[PDB]
Every structure is written in C-alpha cells, then in structure tokens.
Amino acid sequence: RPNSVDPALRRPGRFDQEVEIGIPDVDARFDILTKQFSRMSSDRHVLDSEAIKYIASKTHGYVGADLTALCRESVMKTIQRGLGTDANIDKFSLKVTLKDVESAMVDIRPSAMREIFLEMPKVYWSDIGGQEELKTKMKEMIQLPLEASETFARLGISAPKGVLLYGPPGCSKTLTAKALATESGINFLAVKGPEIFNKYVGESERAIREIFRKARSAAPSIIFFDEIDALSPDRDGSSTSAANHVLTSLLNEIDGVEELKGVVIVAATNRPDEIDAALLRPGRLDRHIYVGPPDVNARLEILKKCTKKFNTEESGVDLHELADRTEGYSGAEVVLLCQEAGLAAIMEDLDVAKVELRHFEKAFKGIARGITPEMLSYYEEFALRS
Amino acid sequence: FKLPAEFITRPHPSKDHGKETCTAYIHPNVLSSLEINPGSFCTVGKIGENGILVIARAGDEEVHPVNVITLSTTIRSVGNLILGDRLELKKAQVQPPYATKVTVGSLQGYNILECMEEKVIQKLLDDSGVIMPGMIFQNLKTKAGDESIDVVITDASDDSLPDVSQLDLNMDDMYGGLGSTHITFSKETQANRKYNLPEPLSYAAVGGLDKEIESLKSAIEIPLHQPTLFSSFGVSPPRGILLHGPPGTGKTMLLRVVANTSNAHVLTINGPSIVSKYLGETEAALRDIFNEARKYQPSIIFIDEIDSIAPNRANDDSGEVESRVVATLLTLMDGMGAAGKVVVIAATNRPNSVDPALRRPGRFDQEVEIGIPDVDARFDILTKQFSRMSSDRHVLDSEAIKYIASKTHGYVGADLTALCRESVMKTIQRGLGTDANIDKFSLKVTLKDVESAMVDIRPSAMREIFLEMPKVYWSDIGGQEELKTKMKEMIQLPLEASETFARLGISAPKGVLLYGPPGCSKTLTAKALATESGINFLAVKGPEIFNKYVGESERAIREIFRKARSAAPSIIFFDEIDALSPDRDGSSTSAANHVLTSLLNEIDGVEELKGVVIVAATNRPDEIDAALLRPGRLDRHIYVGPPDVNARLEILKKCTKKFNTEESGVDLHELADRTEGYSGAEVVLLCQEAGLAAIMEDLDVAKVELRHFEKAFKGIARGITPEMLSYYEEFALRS
Ligand SMILES: Nc1ncnc2c1ncn2[C@@H]1O[C@H](COP(=O)(O)OP(=O)(O)OP(=O)(O)O)[C@@H](O)[C@H]1O
Ligand SMILES: Nc1ncnc2c1ncn2[C@@H]1O[C@H](COP(=O)(O)OP(=O)(O)O)[C@@H](O)[C@H]1O
C-alpha cells in the first residue's frame, strides 16, 4: 500500500517514477489463463477459446494468483474424482474438463474476503411480473447512461446517478433490481443493508472504501442496495456513532467533492420516513418510484405462471376470476397462496397433476392479506410530500 | 573440534540384510571426538529416557553426513523413534551378563504356526544385538503361502542391576546353521505391562472421526506417496494443510498418529521456545530447518499452536516476534519447491484469530474442521476405550455404553477419557474404603462409579453451541391428533416429496410457528420429533444467545447456521423467540435488531435453504416484530392449544405407571375431567405432590390412594385465565 510508505521516500526528488499494477480486467485475466494453459500444453488438458472467455467473464474480480489457485484446486478435484470413480485410471485419459473448474470456482468463495457486494442470481424476463411503468423507468435509467454519454456531455445533463425505491415490503421492490442484473449484463453488485453492521468498529468504513474502489476500477457498473432502512435512521431512533459515520461516508462518496459518472447507485427502502434528511437531499436519490402492489395483469400473470405446472384447462379455472377475487394481495402473497394450494392438493393422494378450485378457495380463506390501508395512506402522503 | 551437539535419525538405506540392528552409520570424526572404541556399544540420547539402547557401533562410507545416523527400522519401531526427533550421543555402559528366557509374541495372528516357523531361531538371533524385550522385522519369505506376518518379542523377565537400563539388553548364544533355556515359542502375549513400553498408536485407537480420517488420508498421500501422479499435471501441489477445532478434540494425538503411521521424516517445533530476543537467530534456525527438510525428499512439517506464531493484523501489533516470521515463512514455502513432496501441518484453536493471509487457497486451500463428537462418535469412542481394556479387566453391556453415550451430550474425547479416569478412581477409592484392600480385579468397572463420575466431573464445556436434550417417544406425547397429523405431514414433505416439489415448483415454506400456552406441548413435541424423525436436532435457547458482549450472538448464529447447512439437512428449532423478536416495543439494543435482520435475510433472503427446516415455538405472538411475522416466511401456524381428554388421560396413566391404578381406586377419567384445561405441567406437579404426600406417611408406599390426589388437587391452583385464551383465539382468527 503506497499510503503506509513514508512520504519522505514518496518525493519527486526520490521516487518521481511510480509504477502501479492494478487488478486485471477481463482481457488481462483471459490473457493470463491462455498463457497458463499454453504453459502446461494441450497434452494435459483440452480447453477451447470460448471456455476460457467464459471463465474470465465469470471471474470478474479474481487476480492472477486467484486464477492459479483456481487451476490448482480444479486439478486436485479432478484427481480425487478420478481416483474415487475411475479406480486409478490413466491421468491423461481424464485430463482437465470444465465441470471441475466450475465446481472449484463455486466452492472457492470470491476473491474479496468477506465481501458485501455479492453476486445474486439472475432470472429471465418472462419470469418477471409487474407494472409496465416501473419497467419503462427501468429502461429509461439503463438506456440513458450507457448510450447517452455524448448527449449528456454536449447538453450538460450529466448523470444524476440517484434513484430511490420506496414501496410496501414483499411486492417487487427488489424484483426490478434482479431483472436488471439479468438483462443488463453489466457486472452487478448488491448489498444487504443490515450486513454492513459488524461487531468490529471501523471495519465497515474500510470495507466500504475498498469495495467502492473495486467498483470504480471494475469498469462502469450499477450499484444497488437491498434494505437501506437499517442504516439511514439515526435521529428518529437511537443509534451508535458507527451508523452516523457510515451515513456521512456514503454521503461523501455519493456527492462529497467527488463524482462517479461511470457507476449508478440505486437505493431501495421499506420505511420512507426513516431516510435521513442529509441523505435525502436534491442531487442524490432524486428519482422516486412508487413500485406499489402489482396490478391485476401482474397478479394474473403470476397466477398463470404458478398454475403452469398444473393442468389449467381441465382444472376448470379461467385464471382470471381468481385474480380478480385476489385483488388485495401482492406477488409474494399470490405465490404463497399457490404454494399452500399445492400443499393441500398433494396432501390428499400424494402426487397430483392439478389443483382443485375448492383447495384454492380453502387456501384463500385460511390466509390473510396482511396489508393495512393505513400504511398505503402513509406511502401516499410520503409521495405527495416528496 | 567438530563438537556435535544434536543428531538426526535416518533409515538404513539399501535394505537387504547388512547389519539391520547395529548399522550405526556415524562419521569417524564423531567417533574420535567421543573417545570411544568403534567396536563397542553406543547410545542415542533422544532427549530423555536415560539408558537408551546399547547397540554395537560401526562406521559409514564417508558419504553419510554427520547430522543423520542410522539405527535400523527395528529399533525405530521398538523405541517409537519417529523420524525427526532430536538425538544426543553418549558413551556405552557396562555389558549385560546374559539372557534368560526370550519369548516371542506373534502379533496380529492366531498363533499356532509350526508350518511357516521353519526354525526362526537361527534367523531370530543370527543378527548382532537383538534386544530381547523388543524387535520388529519384515515377514521376508518363508516357504509357500506368501502373506505378511510379523514377530514381536514383547514379554521379558531378565534381571538387571542398574534400573537406568530401560530395555535391559542381553547377550545372544544360539546353536544352528544356515538355544537359550526351555525353547522360545510360548503363547501370543501382547506388550508386557510390567515395563509398559511406548506403543505406536494407529488409526484404530482414534474413533468417531473416520469421515475426516479419509480426507486427511487423501491429503497425505496425494502429494507425498504419489508425487508422479500430481507432477504429470505440473500445477504444483499445496504445501500446507490447516487443522482447527475446539480444544480437546484430539488434534495432537491425530497428528502424532499420522506421523507414526508414516515412515517418512517429520519436523516438529516446540513453538514459543524458538522465540528469542535475537532478530536473525529465529530466521536462521527456520531457514536451516527448511533446508534440511528440502534436502531429503520425504519430509513432513508439523506446526502446532500456529495461531500464536501468526497473529492477525488488526487484533494486536504486539511486537518482538511478529509478521516478519509470517512473511519469511510464506516466501520460503512458496519459493523453493515446485513439485517436490512437502506438506506443512498447522494446528490452531480459533481459525478467525489466525492470519487471513495464511487462510488463502494459494497455500492453505485445504481446511480441516474437527467438531465435537456427536452421539454416534461418542459411542464409538467409548466402545474403543472399553475394548482397549478388553473384557478381562471389566464387563459392561453395549446397552450401558449406548446409555452413557446418550447421557454425555457435550463431552469431548478428552472429556470421555477423563471420565473413565475418575470412574476408575471412584472404583479404587470405594474398594479401598469398603472392602479393606481385597483383590480389586474382581470388582472391575460398574455403573454406580461411572454415574458418580458424571456427577462429579463438571465438564468445562457447559457453554457450548451444540446442545442435546433427553429423547422421548410417541408415548410421552400429550396433544391433539390434528396437530400431530399436521406436523407429520410437514416433516414428511421435504424428506419424501422433494422430487414432487422440484417438478411442481411448490417447494417448502421452511417455516413453522407454534403459539400456545407456556405450560407444555412444545418442548416435549420437539423432543419426540427429533427422536422419531432421526434428523439432527439443535437446541437453541433465547436468553442463552444473549450476553453482555454485543455482536457475539450474531457471530454464533452465523456459525451455527453455516455448520448446520454443511452438516447435512437438519431441522433447527428455537426454544424461546420472544426474547429477541420484540425490538421496537422493548427498545432493544442494536444487537437484537441486527440478529433479527440477519435471521430474516438468511431464512428466505438472497439464498434458499431447501434442505433445512425452521420451526419456531413461542408465546404472546402479538409482541413480536411485524418484520418477522411477514407473509412468505414462517407462514404455517399451529394452534397447539390445551391438551384434549385423551392427551391428559395418557399423561396421567404414564405418571401413574409406577403406581397401582387398580389399588388406588381412581378411574383415570374423573380426575382428567375435573382438571381438563389447566395445563400438563401442573398435572405433572400435582402427580409429584401426590407422590410426596403418599410417601410422607410410611416412607416407601406400594400405592397412591385417592386422598392424596384430592389433597394435591385442592392445594395446587390453576394459574390459567380465560383472557389469554381469548387473546390467542383473536390472534388465530386475525391471521
Ligand atoms: N477421536 C479421538 N480418538 C482418540 N483419542 C482422542 C480422540 N479425541 C481426543 N482424544 C484424546 O484426547 C487427548 C488429548 O488430545 P490433544 O491434546 O491432542 O487435543 P487437541 O484437540 O489437539 O487440543 P486442543 O484442541 O485443546 O488444542 C489424548 O489423550 C487422546 O487420547
Ligand atoms: N416469478 C417469481 N416466482 C417466484 N419467486 C419470485 C418471482 N419473482 C420474484 N420472486 C421472489 O420474490 C422476491 C422479491 O423480493 P422483494 O419482495 O422485492 O424484496 P423486499 O422484501 O425488500 O421488497 C425475490 O427474492 C424472489 O426470490
């Protein structure tokens, strides 16, 4: 670390030349992997160019030492699998394949020790149900920065890089971020809010600084937060100085004498009035999305998707009357209702190819929406006030 | 002027016959320095155990270095001389008079050999030396029938004037070609307990950890015994294996066993003894040790208590011996050998306190975790321990061993060995006190002394993350059949219909909530479910995880969740959830909020735990945080209210089993009808009070009568109120 170096050495009269070797990118990692494979030659392995490219793309934050460790652990896993299964077969017969490498990179844990910006899984569009306005704003806020940099430079619009996601819990608040991680293809990173708190004091600040530096050096990406409602409230409720330090560090990173045009920061919150006034200021987190409960069409799509495994035609349900009746619920509520209906169907005679209407009615009667109109009124008041 | 201070042991090369007992390849300048005739005996100080093994000395071919010497694998096995022990050179003692008996043992065999004996005596004492209490040699080749048979000479009865002589060598004078007194072959005796020579403990003694035994076995003969197989790939093998776990699990006995079972050279370090004021002395010593290890291809490095040697960066910058040693060790073990055959064994207590730089896949990609033994492992350990003393020294049925293993829930292998030690202590002291010095062999081991041993041991592992609770069957169940069927279906879903869930996409809610009276029907039901389902059970209490320190509860919860996930699909149950869920109402500290958020985002957040099942039982559900009571997780709700008539009848019959129902005159129905709704705990208390009243009259009683029941019913109140039942019903209907 150059910071720990004595500034007397760090002088233009002494050390005017500085050589910095940053973290390898996708191209450098691919080159290193190709060189390593050429080093051990094609006798001991069979790897294609697309396989190496896929491995390099998957290892977004790994380093050359990490790549060598991955290759070594894949070698041990292949050797032990061959010994266990093939009963001491020829070494060159099994050589190196891709499944052992995938298992090794899954089990090795990513390069960032105790990282908080995790790589959450992806899911395709037809598995996503929600309103079209949120999807339109989604396409808005992804299409503007990627292919409007020149327009912003010529027009002075720049990038606000601030979007606030407030809405009822459990209804597609993080679904938009998940679909964005799937569709965009850019390296996505997500933080669980309460995970930032640890027993040690000061570790959170340095972890945030190092992960922000990694995001800056890892090409323009998108940054998303799961539940900022655990760190934002410091004046409404009692909190330690660590939370205030985290809040002011985040404020300085977002708009404190620094600008991050490449990356876009989006924050998702459950309670709308627990965000601190300093954090909720013009210039940051400007965009606000209602992202309320799913409409009739989204609920119908979710019901059809859940009933897709079952036989909808001979079950007698039109997939629309049930959705109309189940109007006060949400996506998660509909999902759990379908799960309970399936459980009631399977508890009768084990495997079933359908779900009965009486079982669905019983499940609906048993379960409750769990959502109160006063919270919706509070959300509306917050929307009008902001 | 050579001044040899320490010596190193090394196997005799080329095998064959040669000397094979009196090789003694010591360089001639060392022979002249000690001023002792080469054609005489010699001793290898081996840092202690004075007397050693007086063995005739010889000379080398001037190629053997001074540091290493040859004492023959026979003497290595006899004295348990592990390759790597520090040695010293001392002059020979007085010659012994003669031999008296000498008798073979014929280890690991059924004896009665005759056919393949073929006059062993000629080959038995054709070699020089041949100490009569100890010898081990290869089977060689006797007639047909190949196979492997070893001969041991355990028992000894010769008399030596100096008691310093540990193994009392004797002269050899046999008659043969190509007899002592009264032959030599007699019986298949084990190692004699009169002298009690050290034994080469193997994997047979270690039990209950076989699953990791195979893992360590693979870790030890992938790089070492098969170097060409790994070198065929050319990616270099890891040079370090990390062993960690709670103290007392037996890492050192295990590393000792794996060192003894391997004939290759090993390196051991005292640890803090190396630490010294001089900055470069430690570096030079470690570099010399590493160079010596590299010079001979078969070498294994053992580094015990490495945590103190390698402290964490942020924990403390103490000074003196510090990160410079860590850096030089990294640069060394990552710098010399490309393929080689070298492994470093690191033993530590707390992996977190160890340097994270060491805990990297680049050098320490192999991690070994040795958890505390479970019921099966403890039972195996006890069975091995009693098999060590065999049936001659004690008699105990396997049922008693299983009962003791079930009773011992938090004990470790060291704890069990101790427990046996004070069991023997209690037996000895009781025999001395009562029998007045009779032959105590007949008394042997019983159950009363062992029970007193569990009573008086008071193990220090009471505060542990793994807990076990006594098991009950369906007979002890008092409840309604509706909830029984519900929980049976719930437990049968993930274990049986996993493929149905996968194909239909229904999956499992993995959340069960049990709200009921604080009396009973939760803990006992959980006990019986654990007993019958056969799935691993973890008992976690509410106030137990709460302590003065802030953040320790979160770390403990994360650790227990991780090891439960990695310890096969198991059910997780919390005894008290109301002690942590209310945070806004009770103005709880940040630790409780962090714990609640962590459990919320781990039960059904970012990751799905399909294998494990989460079940919760608590009281007063309305006081908990609304975040936990959210749709999608813990959706299942069971009334689990007061027991019905059948449940109370069964409980009363079970409590009255020790009594005579027909003699007491009670019909087992009117009492339950009267006390139909209070609780089950008060029923148990009433039964205990009635029994106390019955035994108050004339000590032991063969019956309980009805007056005692009436007095117990009148004296003991209910303590239950309709308003809590109304509140529970209101909560049930609102959900
Ligand atoms: N699985 C086991 N098999 C046999 N003996 C065992 C086993 N586990 C523990 N022991 C006994 O434990 C005793 C001491 O073990 P040892 O001192 O090596 O523990 P350790 O786990 O390395 O120590 P610590 O964890 O406290 O640092 C030995 O006498 C040994 O017989
Ligand atoms: N089509 C679907 N089928 C099944 N599960 C889904 C589907 N869409 C979203 N989910 C689940 O719903 C969750 C949505 O999270 P969300 O409720 O937005 O977070 P929050 O609780 O912070 O509002 C995701 O974790 C995802 O696993």
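Residues numbered from 1 in each chain as written, not as in the entry; some residues may be left out. Chains lettered and ligands numbered in written order. Part of a larger assembly, values for the part shown. Heavy atoms only, no water.

Per the PDB record, the structure was determined using cryo-EM to 5.9 Å resolution.

Under the PDB entry, chain B has the name ATPase family gene 2 protein and belongs to Saccharomyces cerevisiae. Listed in the archive, the entry goes by the title "Cryo-EM structure of Drg1 hexamer in helical state treated with ADP/AMPPNP/benzo-diazaborine". Checking UniProt for chain B, the heading Subcellular location contains the comment "Cytoplasm". Per its UniProt entry, chain B bears the Sequence similarities comment "Belongs to the AAA ATPase family. AFG2 subfamily." (UniProt positions renumbered as here; feature names shortened; annotations may be inferred.)

By the naming in the PDB entry, chain A goes by ATPase family gene 2 protein and is assigned to Saccharomyces cerevisiae.

Participant: Explanation requested: the UniProt feature "binding site: ATP 1" in chain B in the structure shown.
Facilitator: Residue and element names in this part refer to chain B. Summarizing the sequence annotation, UniProt attributes the feature "binding site: ATP 1" to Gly-245, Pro-246, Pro-247, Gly-248, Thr-249, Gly-250, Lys-251 and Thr-252 in the numbering used throughout. Tracing the backbone shows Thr-249 in the loop between β8 (240-244) and α6 (251-260). Once residues lying within four places of it in the same chain are set aside, the contact partners of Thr-249 are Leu-209, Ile-370, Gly-371 and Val-412. A polar contact is formed between the side chain of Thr-249 and the backbone oxygen of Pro-246, at a distance of 3.0 Å. Of note, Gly-250 is situated in the loop between β8 and α6. The class of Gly-250 is partly exposed, set by a relative accessible area of 32%. (Helix = DSSP H or I, 4+ residues; strand = E, 2+ residues; numbered from the N terminus. Contact = heavy atoms within 4.5 Å. Polar contact = N/O pair within 3.5 Å; in protein donor to acceptor, adjacent residues only side chain to side chain. Buried < 20%, exposed > 50% of the residue type's maximum accessible area, 1.4 Å probe, protein only.)

Participant: Honestly, the site of ligand 1 in this entry has me stumped. Any pointers?
Facilitator: Residue and element names in this part refer to chain B. Around ligand 1, a shell composed of 13 residues is seen, among which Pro-247, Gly-248, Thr-249, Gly-250 and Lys-251 lie nearest. Backbone polar atom of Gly-207 to a nitrogen atom of ligand 1: 3.2 Å apart, as the coordinates give it. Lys-251 has a polar backbone atom sitting 2.8 Å from an oxygen atom of ligand 1. Burial of ligand 1 by the surrounding chains reaches 67%, relative to a free accessible area of 650 Å². Elements that contribute at least two residues to the shell around ligand 1 include exactly α6 and α13 (413-435). Tallied by class, the residues present in the shell around ligand 1 amount to six nonpolar, six polar and one charged. (Near = heavy atom within 4 Å. Areas by Shrake-Rupley, 256 points an atom, 1.4 Å probe, with all protein chains shown as cover. Nonpolar A, V, L, I, M, F, W, Y, C, P; charged D, E, K, R; others polar.)

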